[PDB]
Amino acid sequence: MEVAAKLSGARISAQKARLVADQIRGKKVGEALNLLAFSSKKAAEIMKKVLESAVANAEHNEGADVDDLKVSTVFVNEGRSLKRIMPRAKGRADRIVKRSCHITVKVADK
Amino acid sequence: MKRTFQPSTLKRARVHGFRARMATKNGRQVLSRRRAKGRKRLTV
Amino acid sequence: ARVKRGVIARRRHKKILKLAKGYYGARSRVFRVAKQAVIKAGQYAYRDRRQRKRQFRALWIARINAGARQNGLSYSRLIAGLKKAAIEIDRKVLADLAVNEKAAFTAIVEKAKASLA
Amino acid sequence: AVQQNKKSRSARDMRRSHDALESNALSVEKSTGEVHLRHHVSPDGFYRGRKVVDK
Amino acid sequence: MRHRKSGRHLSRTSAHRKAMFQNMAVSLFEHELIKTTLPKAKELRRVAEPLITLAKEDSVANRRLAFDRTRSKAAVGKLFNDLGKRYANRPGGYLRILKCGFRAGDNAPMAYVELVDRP
RNA sequence: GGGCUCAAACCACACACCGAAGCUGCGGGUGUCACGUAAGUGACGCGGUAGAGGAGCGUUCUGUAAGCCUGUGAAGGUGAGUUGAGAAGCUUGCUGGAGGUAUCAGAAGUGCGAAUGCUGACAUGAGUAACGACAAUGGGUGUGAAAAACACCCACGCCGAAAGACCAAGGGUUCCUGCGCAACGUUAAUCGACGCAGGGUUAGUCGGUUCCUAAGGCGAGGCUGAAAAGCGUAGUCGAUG
RNA sequence: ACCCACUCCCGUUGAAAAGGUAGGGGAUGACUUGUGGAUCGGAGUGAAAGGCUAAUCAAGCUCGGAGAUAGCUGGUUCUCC
RNA sequence: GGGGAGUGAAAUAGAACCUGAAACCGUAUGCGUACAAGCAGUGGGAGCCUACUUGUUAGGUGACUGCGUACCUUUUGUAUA
RNA sequence: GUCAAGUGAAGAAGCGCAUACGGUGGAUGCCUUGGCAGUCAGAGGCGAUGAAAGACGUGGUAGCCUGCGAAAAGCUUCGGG
Ligand SMILES: [Mg+2]
Ligand SMILES: [Mg+2]
Ligand SMILES: [Mg+2]
Ligand SMILES: [Mg+2]
Ligand SMILES: [Mg+2]
Ligand SMILES: [Mg+2]
Ligand SMILES: [Mg+2]
Ligand SMILES: [Mg+2]
Ligand SMILES: [Mg+2]
Ligand SMILES: [Mg+2]
Ligand SMILES: [Mg+2]
Ligand SMILES: [Mg+2]
Ligand SMILES: [Mg+2]
Ligand SMILES: [Mg+2]
Ligand SMILES: [Mg+2]
Ligand SMILES: [Mg+2]
Ligand SMILES: [Mg+2]
Ligand SMILES: [Mg+2]
Ligand SMILES: [Mg+2]
Ligand SMILES: [Mg+2]
Ligand SMILES: [Mg+2]
Ligand SMILES: [Mg+2]
Ligand SMILES: [Mg+2]
Ligand SMILES: [Mg+2]
Ligand SMILES: [Mg+2]
Ligand SMILES: [Mg+2]
Ligand SMILES: [Mg+2]
Ligand SMILES: [Mg+2]
Ligand SMILES: [Mg+2]
Ligand SMILES: [Mg+2]
Ligand SMILES: [Mg+2]
Ligand SMILES: [Mg+2]
Ligand SMILES: [Mg+2]
Ligand SMILES: [Mg+2]
Ligand SMILES: [Mg+2]
Ligand SMILES: [Mg+2]
Ligand SMILES: [Mg+2]
Ligand SMILES: [Mg+2]
Ligand SMILES: [Mg+2]
Ligand SMILES: [Mg+2]
Ligand SMILES: [Mg+2]
Ligand SMILES: [Mg+2]
Ligand SMILES: [Mg+2]
């Protein structure tokens with residue numbers, strides 16, 4: 001079976017979060033968890049929570065074993081942006097986009 | 001840099017307040033115009 | 001009275017983009033870029049219906065030249081011989097013989113050689 | 001100085017072909033079986049067998 | 001270039017650098033185990049280890065030399081009453097730099113600095 | 001261009017061949033004339049801007065229509081197939097969940113890629129520049145999911161005719177306490193001039209009000225002026241005194 | 001101090017729609033400054049630069065005449081013959 | 001913020017909630033792509049992959065190769081730099 | 001078997017096209033709470049018996065709108081129900 005966890009509106013850019021997602025794609029969950037625990041990226045703290053929530057769904061709703069699970073699918077989708085104004089030097093107003101993303105991790109034994 | 005708005009509520013009242021407008025006929029016209037448009041604030 | 005253009009405009013734009021399938025970048029995604037590419041591809045396609053007939057004839061003539069020179073004749077001498085002896089086999093069929101039916105092509109070349117002299 | 005032409009999505013992603021993150025060097029303690037950075041004190045507080053920070 | 005040069009700038013003036021490493025060495029002598037950045041810990045060796053070497057010979061002039069370089073009465077007392085006698089037979093290497101992970105706020109490489117005999 | 005010299009140069013002659021959307025062949029469409037009171041045959045045509053002429057497609061609404069289709073699935077959306085010379089039409093899978101409209105007429109807010117067009121969304125630059133005085137930090141402890149930034153302690157540094165303490169103006173609850181961190185804070189935040197709730201401002205003497213006037217305002221009558229009004233007397237306001 | 005603004009450099013998508021650092025001038029006077037008040041659109045005010053009159057000045061701003069006018073520039077949307 | 005459970009005719013109707021287009025951004029699969037020069041197509045065309053109809057087939061890709069300097073406007077004339 | 005010569009797949013950091021599934025966004029369709037224009041009537045004024053327009057209050061519980069006015073989402077009475 002395949003179980004997923006999703007974090008919607010993760011306050012980080014999809015471009016930034018996809019660097020971490022590319023590291024754990026296709027890995028066994030135990031290895032992916034150790035990679036995320038020692039990564040210097042902010043997306044790894046967020047990604048690790050989604051990954052271990054997917055592992056918990058696989059162990060409660062489906063009754064699996066962490067040692068049998070591997071990261072089958074992980075993708076980051078762009079979420080809602082937040083629009084902000086930053087003043088510039090001569091009365092110029094610049095629009096700031098505060099990006100968010102949707103992080104979906106799917107674990108599977110298969 | 002000193003800017004154009006140097007607030008003084010006394011000066012503001014004496015130049016743009018309700019009694020300053022009611023004192024003249026063109027001031028009463030402003031209140032008629034702003035009542036006809038429905039302004040929530042009438043004077044300052 | 002008031003006519004919205006949304007449904008009709010979407011149908012128009014989708015027909016163009018469907019024709020721009022397989023094109024690179026904006027040429028398959030962006031309407032006002034895809035529109036130019038679909039028109040230009042149409043100009044090319046019209047012009048290349050003419051060019052295809054030229055290209056294939058040049059290919060037949062080159063293969064007939066190669067096949068006839070293997071038989072002791074140049075292309076120009078073989079065509080003149082195929083007119084002296086009234087042979088009306090065209091170059092598309094002649095180029096197919098020179099590749100696939102070499103004994104048949106040799107017989108025709110000998111018939112042209114005899115006609116010349 | 002600015003682009004005369006918008007950069008294509010292929011060209012944008014080609015520059016990013018060097019952006020992939022590397023993995024750290026991970027080691028396992030033998031006194032505890034715990035994963036830690038190589039040459040670093042473990043998150044529990046062990047380095048080469050002995051406890052050093054003592055929490 | 002910096003060919004064969006010693007020392008770390010640490011984005012500080014030399015006055016602030018001198019003041020900070022004297023503060024750090026004093027803190028290390030009081031607590032015997034501190035956490036700081038790995039670059040600061042590696043440059044703290046060259047400041048705090050000559051102070052323990054000096055403290056091995058207890059004299060008025062050595063104690064005054066210690067106070068000029070620490071400006072801390074407690075640090076001077078600890079160096080000559082405890083640390084100078086503790087490391088009498090140790091030929092240098094009174095500090096231990098152990099790498100911990102990274103700081104949460106800025107991902108700065110961290111290190112533990114402990115006195116060798118007991119932290 | 002490669003290369004070329006009894007030429008792959010030049011002069012003359014000859015016989016071949018290549019070569020266009022020209023001509024011919026084969027199939028199709030269309031225009032105009034003529035014969036046809038017919039289906040159709042015949043001949044000659046059929047590049048085209050400005051521009052003239054002709055013939056149509058499609059969209060919204062009205063009538064036809066209290067009809068017809070439609071929850072056994074409308075409009076819309078998204079694929080596939082198919083038909084026509086074209087605008088386009090038709091059939092169908094999926095999505096959708098309640099409307100649609102044959103035919104022939106009638107009316108138009110009737111067709112968009114351009115107007116440095118208008119509105120919204122989203123790209124590229126680019127994870128780049130920057131993170132706002134170069135007075136400056138170090139450590140320990142706590143709390144906390146998490147601490148470089150919060151609190152405390154020990155040090156260090158900075159201002160000190162201010163970067164300290166006030167009065168006025170201006171602002172208006174920002175003040176204090178409990179809870180809290182989404183957003184706001186150019187990072188994080190447990191912290192905050194941020195969110196929720198509660199609390200907090202006590203006067204005969206401080207400052208107003210009240211009394212008095214300055215400049216100046218308004219100004220009964222009045223004088224002047226097409227009107228609106230202007231000026232001004234008696235007065236009455238007006239502090240910065 | 002305060003008022004000013006002569007030089008250089010920086011800054012020029014600035015910390016800043018006119019600043020900063022270092023130097024500079026006046027500093028009991030035709031001085032600087034607070035509060036309140038008067039004068040304004042062919043009008044005011046001007047130790048006079050066409051300066052200033054709310055980041056707007058060889059005639060402010062705002063609304064109206066008003067969809068001024070534009071022999072000029074741009075644009076003008078389905079199909080076929 | 002999700003994964004189940006449940007409600008509901010329907011939850012990819014879950015409260016930023018009918019439908020849910022495009023730009024734009026991803027993940028998966030197939031083919032192509034690191035000796036190769038340009039409006040990126042078009043004509044020819046190998047191979048590979050998929051599906052049945054099992055090769056005179058459909059779909060996807062497309063090595064290699066001929067030809068080929070966007071569009072609008074304005075102009076005597078525009079790839080026009 | 002050795003050597004030589006010839007030939008040569010597969011191995012993609014990334015990228016392209018297609019397809020499938022998503023995301024973002026909020027078009028389209030359908031809908032209406034609201035408008036626009038008429039036709040037929042009514043009324044053509046309100047105000048010192050204080051108007052138009054407001055401020056502040058008024059409720060068990062915070063705010064805002066509506067109503068009302070210290071008799072304050074209201075009091076008396078007459079009808080309808
Ligand atoms: Mg050295
Ligand atoms: Mg630095
Ligand atoms: Mg000094
Ligand atoms: Mg010929
Ligand atoms: Mg021809
Ligand atoms: Mg012809
Ligand atoms: Mg014919
Ligand atoms: Mg012709
Ligand atoms: Mg014509
Ligand atoms: Mg409709
Ligand atoms: Mg458009
Ligand atoms: Mg056009
Ligand atoms: Mg750059
Ligand atoms: Mg750089
Ligand atoms: Mg930088
Ligand atoms: Mg700062
Ligand atoms: Mg957090
Ligand atoms: Mg102060
Ligand atoms: Mg406070
Ligand atoms: Mg924050
Ligand atoms: Mg608060
Ligand atoms: Mg008067
Ligand atoms: Mg009078
Ligand atoms: Mg008085
Ligand atoms: Mg006073
Ligand atoms: Mg002087
Ligand atoms: Mg002059
Ligand atoms: Mg000005
Ligand atoms: Mg004028
Ligand atoms: Mg007029
Ligand atoms: Mg005009
Ligand atoms: Mg059920
Ligand atoms: Mg519905
Ligand atoms: Mg929806
Ligand atoms: Mg190659
Ligand atoms: Mg190239
Ligand atoms: Mg082909
Ligand atoms: Mg070419
Ligand atoms: Mg010209
Ligand atoms: Mg040309
Ligand atoms: Mg151009
Ligand atoms: Mg160019
Ligand atoms: Mg890759």
Side-chain angles (χ1 to χ4, degrees), chain A residues 3-10 13-16 18 45 50 53-54 56-57 60-61 73-82 86 88-92 94 102, chain B residues 1 3-5 7-11 23 25 31 35 42, chain C residues 1-10 12-13 21-25 27-33 35-37 39-41 43-45 47-52 54-56 59 61 74-77 79-80, chain D residues 2-3 6-7 10 12-14 16-20, chain E residues 12-13 16 19-24 26-28 30-31 34-36 40 72 103-106 108:
Chain A
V3 204
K6 197 183 59 211
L7 162 68
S8 275
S13 193
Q15 186 182 348
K16 282 156 184 188
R18 270 169 195 149
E45 166 262 305
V50 188
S53 183
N57 303 343
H60 188 263
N61 312 141
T73 278
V74 47
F75 54 82
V76 183
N77 284 334
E78 319 188 295
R80 274 189 250 257
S81 297
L82 265 77
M86 212 208 270
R88 293 315 283 265
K90 282 160 182 188
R92 192 212 235 186
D94 265 13
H102 307 320
Chain B
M1 269 151 309
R3 296 299 168 187
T4 66
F5 187 50
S8 153
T9 88
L10 187 269
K11 278 163 76 97
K25 211 142 163 283
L31 300 195
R35 271 172 186 129
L42 219 54
Chain C
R2 188 171 178 248
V3 178
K4 306 300 260 135
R5 331 194 324 257
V7 178
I8 284 324
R10 184 191 282 111
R12 269 195 44 257
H13 280 209
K21 203 153 299 300
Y23 292 178
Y24 173 65
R27 294 157 163 284
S28 94
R29 314 164 156 80
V30 161
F31 167 74
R32 56 174 93 207
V33 176
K35 194 208 155 176
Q36 300 173 198
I39 284 162
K40 175 69 102 170
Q43 304 171 259
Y44 284 147
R47 163 209 91 173
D48 284 334
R49 270 168 240 135
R50 284 101 194 116
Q51 280 192 19
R52 176 168 64 228
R54 320 174 186 186
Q55 275 169 25
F56 270 109
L59 178 75
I61 286 183
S74 81
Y75 170 89
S76 60
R77 293 254 84 202
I79 297 298
Chain D
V2 69
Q3 49 176 31
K6 174 186 175 189
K7 187 160 275 271
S10 171
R12 175 200 60 214
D13 295 316
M14 277 202 199
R16 286 166 198 195
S17 80
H18 298 288
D19 275 12
Chain E
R12 265 155 183 95
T13 68
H16 186 180
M20 183 197 52
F21 277 121
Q22 159 203 285
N23 254 331
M24 199 173 289
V26 159
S27 282
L28 166 69
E30 163 166 21
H31 297 111
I34 58 169
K35 211 207 253 213
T36 177
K40 278 178 195 102
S72 172
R103 206 143 62 178
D106 47 356

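Computed from heavy atoms alone, side chains included, the values below leave out hydrogens, waters and symmetry copies. Naming: A, B, ... by sequence-line order, numbering from 1 per chain.
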> What interatomic distance, in whole Å, is found between P of F/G89 and the corresponding atom of F/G71?
Replying inline: 24 Å
>> Could you check whether any side-chain N or O of E/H31 sits under 3.5 Å from a backbone N or O of E/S27, counting only pairs where one atom can act as donor and the other as acceptor?
In response: yes
> Does OP1 or OP2 of H/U42 have a side-chain N or O of C/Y23 closer than 4.0 Å?
Replying inline: yes
> Which listed nucleotide (I/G25, H/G43, I/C15) is nearest to the side chain of C/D48?
Replying inline: H/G43
> Closer than 4.0 Å, any side-chain N/O of B/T9 to the OP1 or OP2 of F/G170?
Replying inline: yes
>> Given the structure, check if the side chain of A/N57 and the base of H/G2 hold any donor-acceptor pair shorter than 3.5 Å.
In response: yes
> Both distances under 3.5 Å, Watson-Crick or G-U wobble: does G/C40 pair with G/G74?
Replying inline: no
> Could you state the NE2-P distance from D/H18 to I/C15, rounded to the nearest angstrom?
Replying inline: 11 Å
>> Does F/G219 count as syn, meaning its glycosidic angle lies within 90° of 0, or as anti?
In response: anti
> Pick the nucleotide of RNA chain I nearest each of B/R35 and C/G22; which residue has the one closer to the 5' end?
Replying inline: C/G22
> When you check the phosphate oxygens OP1 and OP2 of F/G139, does a side-chain N or O of E/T36 lie under 4.0 Å from one of them?
Replying inline: yes
>> Tell me if the side-chain of C/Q55 makes a donor-acceptor pair with the base of H/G44, cut-off 3.5 Å, by modelled atom types.
In response: no
> Roughly how far apart, to the nearest Å, are F/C159 and F/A147 at atom P?
Replying inline: 35 Å
> Among F/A16, F/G77, F/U137, which is the nearest nucleotide to the side chain of C/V7?
Replying inline: F/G77
>> Looking at C/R10, I'd like to know whether one of its side-chain N or O atoms comes within less than 4.0 Å of OP1 or OP2 on I/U28.
In response: no
>> Looking at C/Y44, I'd like to know whether one of its side-chain N or O atoms comes within less than 4.0 Å of OP1 or OP2 on H/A40.
In response: yes
> Between F/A21 atom P and C/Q51 atom CD, what is the distance in whole Å?
Replying inline: 9 Å
> So is G/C63 sitting in a Watson-Crick or G-U wobble pair with G/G11, both distances under 3.5 Å?
Replying inline: no
>> Measure CE/E/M24 against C1'/F/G140 and give the value in whole Å, please.
In response: 13 Å
> Would you say the side chain of C/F31 lies within less than 4.5 Å of the side chain of C/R12, judging by non-hydrogen atoms?
Replying inline: yes
> Watson-Crick or G-U wobble, both distances under 3.5 Å: is that what F/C94 and F/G40 have going on?
Replying inline: no
> Starting at the 5' end of RNA chain G and moving along, which residue's nearest nucleotide shows up first, B/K11 or B/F5?
Replying inline: B/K11
> So do C/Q36 and C/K40 actually touch side chain to side chain, heavy atoms under 4.5 Å?
Replying inline: no
> What nucleotide, of F/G170, G/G14, F/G138, holds the atom closest to the side chain of A/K90?
Replying inline: G/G14
>> Base of F/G127, side chain of A/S13 - is there a donor-acceptor contact under 3.5 Å?
In response: yes
>> Within the 4.5 Å heavy-atom criterion, are E/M24 and E/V26 side-chain neighbours or not?
In response: no
> Looking only at side-chain N and O atoms, does C/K4 come under 4.0 Å of OP1 or OP2 in F/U110?
Replying inline: no
> Can you tell me if C/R27 uses its side chain to pair, donor with acceptor, with the backbone of C/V33 under 3.5 Å?
Replying inline: no
>> Any side-chain N or O of C/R54 below 4.0 angstrom from OP1/OP2 of F/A21?
In response: yes
>> I'd like to know if E/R12 reaches the base of F/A136 with its side chain, counting only an N/O donor and acceptor under 3.5 Å.
In response: no
> From the list H/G41, F/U59, G/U13, which nucleotide is the closest neighbour of the side chain of A/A89?
Replying inline: G/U13
>> Measuring to OP1 and OP2 of F/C156, would you say a side-chain N or O of E/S72 lies under 4.0 angstrom away?
In response: no
> What is the distance from NE2 of C/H13 to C1' of F/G111, rounded to the nearest Å?
Replying inline: 11 Å
>> Counting C-beta onward and ignoring hydrogens, is there a side-chain heavy-atom pair between B/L42 and B/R35 closer than 4.5 Å?
In response: yes
> Looking only at N and O atoms, is any donor in the side chain of C/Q36 or the base of F/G113 less than 3.5 Å from an acceptor on the other one?
Replying inline: yes
> OP1 or OP2 of H/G2 sitting under 4.0 Å from any side-chain N/O of A/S8?
Replying inline: yes
> Do A/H102 and A/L7 touch side chain to side chain, with heavy atoms closer than 4.5 Å?
Replying inline: no
> With respect to the side chain of B/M1, which nucleotide from H/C24, F/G77, G/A16 is positioned closest?
Replying inline: G/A16
> With respect to the side chain of A/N77, which nucleotide from F/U124, H/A23, I/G23 is positioned closest?
Replying inline: I/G23
> In whole Å, what is the span from the NZ atom of C/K40 to the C1' atom of H/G43?
Replying inline: 15 Å
>> Just the rounded figure in Å: distance from P of F/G138 to NE2 of E/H16.
In response: 7 Å
> If a stem is a run of at least 3 consecutive Watson-Crick or G-U pairs, both distances under 3.5 Å, which stems include RNA chain I?
Replying inline: H:24-33 with I:14-23, I:56-58 with I:67-69
> Between atom CZ in C/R29 and atom P in I/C17, what is the gap in whole Å?
Replying inline: 4 Å
> What nucleotide among H/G41, F/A148, F/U59 has an atom nearest to a side-chain atom of C/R27?
Replying inline: H/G41
> How about A/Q15 and A/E78: do any of their side-chain heavy atoms sit closer than 4.5 Å?
Replying inline: no
>> Closest approach to the side chain of C/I79, judged atom by atom: which nucleotide of F/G109, F/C17, H/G26 is it?
In response: F/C17
> So, is C/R52 near the phosphate of H/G44, with a side-chain N or O under 4.0 Å from OP1 or OP2?
Replying inline: yes
> Does a side-chain N or O from C/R2 land closer than 4.0 Å to OP1 or OP2 of F/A108, or not?
Replying inline: no
>> Under 4.0 Å from OP1 or OP2 of F/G111: is there any side-chain N or O of C/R12 that close?
In response: no
> In Watson-Crick or G-U wobble terms, both distances under 3.5 Å, what is the partner of F/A75?
Replying inline: none
> Mind checking whether F/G241 and F/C175 form a Watson-Crick or G-U wobble pair, both distances under 3.5 Å?
Replying inline: no
> Taking only side-chain nitrogens and oxygens of D/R16, does any of them come within less than 4.0 Å of OP1 or OP2 of F/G127?
Replying inline: yes
>> Heavy atoms from C-beta onward define the side chain here; which of I/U24, F/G125, F/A183 lies closest to that of A/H102?
In response: I/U24
> Quick one: is C/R32 getting a side-chain N or O under 4.0 Å of the H/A70 phosphate, OP1 or OP2?
Replying inline: no
> Any idea which of G/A55, H/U42, F/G125 is nearest the D/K7 side chain?
Replying inline: F/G125
>> Nearest whole Å is fine: how far is F/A126 P from D/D19 CG?
In response: 12 Å
> With a 3.5 Å cut-off on both distances, are F/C231 and F/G222 a Watson-Crick or G-U wobble pair?
Replying inline: yes
